[PDB]
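Next up is one chain by itself, shown in structure tokens, the form deposited in one PDB entry.
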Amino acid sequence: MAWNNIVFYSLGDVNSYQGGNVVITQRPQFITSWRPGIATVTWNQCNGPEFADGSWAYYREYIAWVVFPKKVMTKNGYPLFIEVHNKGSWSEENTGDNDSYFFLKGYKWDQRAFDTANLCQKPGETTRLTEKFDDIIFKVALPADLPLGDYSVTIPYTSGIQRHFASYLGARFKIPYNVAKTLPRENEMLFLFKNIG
């Protein structure tokens, strides 16, 4: 009988980027990087064995995610619009969403394994994620009506790896975008720039 275990491992990283001096018709950029690290299970869905002892085959489908806001409000109520500049090999999906960009990288599929493993780790459990993916470069559209000077903007967002283990070849599952939208946003980009007329 068939089973599928899917576990989302969330990375919490804090980074800053200097977007340098800009006038208000320029779109300063920032680069978000994927830093291998310790991730925490923030979601799962499982109906199969929780532990592979080594004696039997299972199949892996791994997909990295980034969920990133499309707009960032300042404390006074002004919006900063977040635009894609270069997303490398990330797949930009569910583009009609009001609020959030969804970037996916499905890098492993149909891959048979016998490796002993924990196939349904529970939320709050941690593991080390060694994988590395492309940077994403964002540009920011500043408002004409927005005011001047030095700015420091904290931007929370979600990144992590979906690991899907299945009993069969050809197994496919993608975390629904509505689920990905509401996952904990454990990363932070502190974006700095100096504004001018």
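One-based numbering along the sequence shown. Throughout, rigid core stands for the largest set of C-alpha atoms superposing within 1.5 Å between the two forms.
Higher mean CA B-factor, judged across 15 to 23 and 177 to 185 from the recorded values: 15 to 23. Of the two segments examined, 158 to 166 and 143 to 151, it is 143 to 151 that shows the higher average Cα temperature factor in the deposited entry. Of the residues listed, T116, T74, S100, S91, the entry assigns the biggest Cα temperature factor to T74. Among the modelled residues of its chain, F8 has a C-alpha B-factor that falls in the lowest third according to the deposited record. Per the PDB record, residue ranking by Cα B-factor puts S55 in the highest third of the chain.
Per the PDB record, residue ranking by Cα B-factor puts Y78 in the highest third of the chain.
Ranked against the other modelled residues of its chain, the C-alpha B-factor of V67 as given in the entry falls in the lowest third.
Ranked by C-alpha B-factor against the other modelled residues of its chain, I31 falls in the middle third.
Omitted here: the form deposited in another entry. The next part is about that form.
In the overlay on the core between this form and the one not shown, a shift of 2 Å or more in CA position is seen for a single residue of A141, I38, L148, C46, which is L148. The rigid-core alignment places the CA of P176 less than 2 Å apart between this form and the one not shown.
With the core held fixed, the Cα of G19 is displaced between this form and the one not shown by 2 Å or more.
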